[PDB]
């Protein structure tokens, strides 16, 4: 199955949920979720995965934080903002 970081990168490239997520600085790989519309994006992630429970933004961000150690996605010190690694952006 698709990995969470790839699902988010794919959405940013397609623009299909432009009111839920957007690039802040695409050259740096920084992106930001919508305060009011992030839950719809989280719901889509859970459905794509076929998870038993409804996915929430809180649970999706819990998964996002696990990428901090390996580097694929890191939290930025700005509201609802994260950053992909150069490796993820290049791949």
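Positions refer to the first chain, counted from 1.
Just going by the entry, 47 to 55 versus 60 to 68 on mean CA temperature factor gives the higher value to 47 to 55. Note on 9, 17, 80, 24: the highest value goes to 17, judged by CA B factor as recorded. Residue 38: CA B factor lies in the lowest third for its chain, per the PDB record. Per-chain ranking of the deposited C-alpha B factor places residue 74 in the middle third.
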